[PDB]
Amino acid sequence: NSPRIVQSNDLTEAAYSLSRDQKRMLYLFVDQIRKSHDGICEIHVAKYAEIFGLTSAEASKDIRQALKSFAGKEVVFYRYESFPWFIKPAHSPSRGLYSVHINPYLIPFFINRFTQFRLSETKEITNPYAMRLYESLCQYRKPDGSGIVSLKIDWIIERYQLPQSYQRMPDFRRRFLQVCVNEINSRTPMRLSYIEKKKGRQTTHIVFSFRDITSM
DNA sequence: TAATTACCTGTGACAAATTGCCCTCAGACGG
DNA sequence: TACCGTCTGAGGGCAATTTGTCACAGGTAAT
Ligand SMILES: [Mg+2]
């Protein structure tokens, strides 16, 4: 089939800002970690390239820039507690191979109240906020492949660390919500719809229902 | 009744970031 | 054992799209 990512809901719902490339590598880190405690993971350019249909060159570029873009990035678990992703710079012992040092204090948060999806399910998504949304929906996914969940807008904004102009709702709709629904519906197997929940003039939650394209 | 205010909404416009894409050239390796 | 061609990937760039930010116009209700 394809690699099965599983992760604690606390990571699905953590507050952080990562790019697509960084989240993709992070999925591979979570897989390596799950196999076995040292916090040391490894990524091969050619393996990354084959997984995500990239060139060796563009794989190398994506890995390198994601990796140097991790510096200063932080992850927040709201039970809040903030951690750095990396506790040592990445480095390449051999050409085409990178070794990275994830904060070992993060190990128990990566590994019964959990979220799971196959990597082929997410590897064509481009917008990182749409990967965050697809992970949050997976957290509520039933065996058959459908689910329903109400997410609060403030919680969406804080958890996905959406940029400030998306606190203006028409921009939230236009540049995040609609784009990620279209992206998920066109690039994943999940078939996603939504409806808006209001309180007075303000929209407070977004209600997601979804099904799997193995059904009608 | 009318005008101003305090909310919301959508879209046009621009800036900034991100995309897959292109070209160069050395390291590793095997032939 | 030694040289060179090939594949790899570590770099430099790119224009076309996507994303992020804001001015502006319209609607409504409170006042
Ligand atoms: Mg790239």
- Task: Multiply the residue gap between A:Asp171 and A:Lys198 by 0.36 nm, knock off their C-alpha separation, and tell me the result in nm, one decimal place.
- Result: 8.0 nm
- If packing is taken as the mean number of other Cβ atoms within 10 Å per residue, what is the order of A:80-88, A:159-167, highest first? A:159-167, A:80-88
- Task: Please arrange A:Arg24, A:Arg95 by counting, for each residue, the other beta carbons lying within 10 Å of its beta carbon, fewest first.
- Result: A:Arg95, A:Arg24
- Query: With charges only on Cβ, +1 for K and R and -1 for D and E, what is the dipole size of the range A:1-160 about its Cα centre, in debye, rounded to 20?
  - Reply: 160 debye
- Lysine pair number, Cα distance threshold 21 Å (strictly under), the range A:1-116, separation 8 or more or different chains: 13
- Go ahead and run the numbers for FRET between A:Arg79 and A:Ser146, Cβ-Cβ distance against an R0 of 25 Å, rounding to 0.05. 0.30
- Message: Run the reach check for A:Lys197 against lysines, Cα to Cα strictly under 19 Å, same-chain hits fewer than 8 apart removed. What comes back?
- Response: A:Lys152
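Please note: Cβ atoms are built from the backbone with ideal geometry, for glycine as well, and neighbour counts cover all protein chains shown. Every number here is computed from the coordinates shown, using simple stated rules; none is lab data.
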